[PDB]
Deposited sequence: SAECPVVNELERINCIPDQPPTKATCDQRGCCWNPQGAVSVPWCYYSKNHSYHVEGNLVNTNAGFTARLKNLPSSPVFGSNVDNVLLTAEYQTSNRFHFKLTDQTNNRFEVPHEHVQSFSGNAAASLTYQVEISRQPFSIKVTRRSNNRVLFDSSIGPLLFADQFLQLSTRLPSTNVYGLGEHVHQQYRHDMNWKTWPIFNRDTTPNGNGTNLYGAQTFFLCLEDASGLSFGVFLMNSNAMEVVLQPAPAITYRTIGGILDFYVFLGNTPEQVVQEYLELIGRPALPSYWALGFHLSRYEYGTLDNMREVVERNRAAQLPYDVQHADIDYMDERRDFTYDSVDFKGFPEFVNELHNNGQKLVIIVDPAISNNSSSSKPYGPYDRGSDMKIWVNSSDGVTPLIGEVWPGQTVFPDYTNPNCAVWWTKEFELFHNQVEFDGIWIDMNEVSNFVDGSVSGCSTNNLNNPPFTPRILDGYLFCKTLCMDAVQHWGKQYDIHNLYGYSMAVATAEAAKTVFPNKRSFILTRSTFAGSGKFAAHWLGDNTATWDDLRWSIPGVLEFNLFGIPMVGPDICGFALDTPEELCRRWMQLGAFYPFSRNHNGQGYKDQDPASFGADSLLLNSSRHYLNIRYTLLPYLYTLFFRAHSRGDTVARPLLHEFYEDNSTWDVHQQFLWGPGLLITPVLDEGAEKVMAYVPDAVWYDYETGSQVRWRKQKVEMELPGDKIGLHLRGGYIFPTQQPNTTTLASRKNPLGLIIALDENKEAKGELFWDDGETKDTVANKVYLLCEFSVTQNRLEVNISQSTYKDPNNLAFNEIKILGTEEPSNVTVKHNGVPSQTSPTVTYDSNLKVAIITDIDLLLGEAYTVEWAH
């Protein structure tokens, strides 16, 4: 074969002819760098035995192992293929052991399919028998999307592999990793996935979460597809320039979904329709969050809070890290250093702010009659810990408080215990949201305080290239035992089960409210429950650059509320870096400045009351808050439809191949282009301006650039923000908290396209009740402008905000002078508004107007 198509037969060691021969593979060392010297032969694997059988849902096939050397042990002789034409755009196939039940992910959202093959498929499936392969092609153009024929199917108990050709190199996704770029390097790269507490740095290791989804943009027409593997065992994904991708996992089953869409966004919508769309956040979670590890005392925390409030920083949320606890134990506070914590909570609340508390899964096991630790006693009484391999002894590890046991969040009763612990603590400290951390789960000892037994779970025949090369490193023994199964199988599901339990707890502690959950470890579908942050980064320019692809990727995974620690967790942050990162950070969907222990303060007001950093931070945060109605509506669409929030340029501009690798800029939704300075010393940025009309956000002037690379001038106080022609942006006068800003006058920004038309929408509900979308208690309105006329149209009208909200300002960009501006209500005029016009900038602002939110209006003008 073409060397780019070789599928490596020796993933586990340096390639030798002797091993190649024993494995029945092909040997050819004469390739280029990273081209496998030993690769699978053309007929190695499985063949279809007999006929495929039609089922109501699709078909099944029996696959029989063609005689083969047992490399990673216990091979599976009879494999069952079950294929289901689940929807017109989603294909599901699974390969199981015909004769034995194997571990399958007990996902909380995904259900087994019952019912019949879908009509009007956008795809076709083709099965080859001798040797087995499966191919999924797009019906419209016969483009081959998934094609396993490039390599073997391998299916041993602890080694399962399938490959697929890909129709392009525009591949985005997989996680959790620092990829450094957004479009994948298809040049022989292997990405291990196994939830792990480690530093998101340049080493390309497995990190906190496990995300097997990827999306492929087929060509400039926008046609795209995506693939998801429902498997929670350690795995790695191998990318090569064929182009092709190989999944290699060490247990469970190969359970694949293939999704087709007409655009990249439609693929994401299809993926999220399957795994679970993201929670609609509390509107307050959209504001700016502040945090650090080790304020040390409530006095220190209060001083930080107070200087940022004194500076009028938009600032909704304060996080309290493990320093609030009594000796780093959950569900206590330090009665000396945090004496008066409940009074401080009241102060936060009186100022319109929210408290988010960190909670760790591990529970101190140090409790006596003399000094009881309630959470451990109650947990032991309920028998809800993760056990050792004997199945009866709670496993002992070590985390922040010292020796600890670990809750088994897969046990339904564990959620009852967890809920009661939060109820009890909420009675003392009235926190508003929960930050779940260390939930990979992270262990300061490897496996347990007594290590791990040598066995096939702790020491498997094949180990993907995870950091440190052992599964149990900085986590639990793989033979530890939980309600859903052994840690070997469910390790990647710990943070997911914990988020599910935590949301369950919120039902009791925050009745009928969304609250906020922020989680470190994630699995596919975690976004239904929680926000995410990109973990323990560093105050470097590299970390700032690497943040954007990480944010875009999590939006693909349906965790749109995601961001890094702005300014950098580890290390003292330089002023210039923190200023640039604050500017960018004002536009991360989850915007939090957080800092590690002992490092110099990096909260915005710490740089000085009159500093450039503070001024610019406040400035761009005030822009974020102004655009919160737009951001919120983008979250409404992510929740209800499955759209991304932070979005790659290529999701909107896929026709333009110059956007396919852009990862130094991004969009909010379709209409706002963010262009940060990402280089030390720079007052410029080399940026791409897509094929659209664009307007400078602050001045409203139309840029001359279109569909081209530019050097954008961005001095130390600026970040690029441009509005897309053809879009209408709802705004609301900002205040330093969202409690307050939500009572303010609204505005519209109408950015006219080349045809002097534009469209937009606004979702509005109470900002905090759970299920307002499912129960249809909300306002959705639509704005459109087509020559001389803005129409405000109400499509859903079941919530009326009691604060008398109205649009009191309309700003029109790219317009000739309007004249004779008329306002009609339900067709009835209806008042002559005030119009200000800038003939140099071609901007009109209409004021002295009061268009009540929830009412239909026409605003008309002449030229």
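Missing from the model, relative to the deposited sequence, are the ranges 1-6, 837.
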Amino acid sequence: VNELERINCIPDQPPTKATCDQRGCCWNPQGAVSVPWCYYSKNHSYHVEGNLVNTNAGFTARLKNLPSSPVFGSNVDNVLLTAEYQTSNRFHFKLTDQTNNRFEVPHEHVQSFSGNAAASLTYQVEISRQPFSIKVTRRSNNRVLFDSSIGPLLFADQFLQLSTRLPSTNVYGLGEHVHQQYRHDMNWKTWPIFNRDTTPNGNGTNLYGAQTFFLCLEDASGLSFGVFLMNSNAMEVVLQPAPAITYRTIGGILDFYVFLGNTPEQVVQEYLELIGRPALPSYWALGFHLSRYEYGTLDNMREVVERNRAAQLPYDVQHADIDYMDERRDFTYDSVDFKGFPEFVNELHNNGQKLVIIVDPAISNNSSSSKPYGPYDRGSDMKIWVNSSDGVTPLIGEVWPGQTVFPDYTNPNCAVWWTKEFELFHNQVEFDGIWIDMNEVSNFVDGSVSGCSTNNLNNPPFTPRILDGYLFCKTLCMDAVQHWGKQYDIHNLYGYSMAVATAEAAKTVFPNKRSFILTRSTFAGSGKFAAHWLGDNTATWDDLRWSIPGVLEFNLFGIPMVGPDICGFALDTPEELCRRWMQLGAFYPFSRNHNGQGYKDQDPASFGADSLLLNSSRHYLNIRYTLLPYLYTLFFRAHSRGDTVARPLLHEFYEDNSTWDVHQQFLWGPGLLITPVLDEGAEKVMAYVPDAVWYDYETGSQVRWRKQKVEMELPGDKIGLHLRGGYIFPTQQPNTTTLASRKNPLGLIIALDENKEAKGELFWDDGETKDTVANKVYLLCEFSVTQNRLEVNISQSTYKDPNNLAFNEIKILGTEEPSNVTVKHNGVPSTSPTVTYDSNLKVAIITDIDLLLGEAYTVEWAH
From here on, numbers count along this sequence of modelled residues.
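The term rigid core refers to the most C-alpha atoms you can superpose between the two forms while keeping them within 1.5 Å.
Here the rigid core sets the fit, and in 8 other deposited structures of this protein the C-alphas of 183-191 stray farther than those of the other stretch, out of 746-754 and 183-191.
The question of which stretch, 204-212 or 395-403, has the higher mean Cα B factor is settled in favour of 395-403. Looking at 87-95 and 375-383 together, the entry lists the larger mean B-factor for 375-383, computed on C-alpha atoms. By the numbers in the PDB entry, the CA B factor is greatest at 414 among 539, 414, 551, 253. Comparing the C-alpha B-factors of 187, 732, 231, 463 in the entry, the top value falls on 187. Remark: residue 194 belongs to the lowest third of its chain, ranked by C-alpha B-factor as recorded. Sorting the modelled residues of the chain by their CA temperature factor places residue 704 in the highest third. In the PDB entry, a CA B factor belonging to the lowest third of its chain's modelled residues is recorded for residue 765. In the deposited entry, the Cα temperature factor of residue 558 sits in the bottom third of values across the chain's modelled residues. Ranked against the other modelled residues of its chain, the C-alpha B-factor of residue 176 as given in the entry falls in the lowest third.
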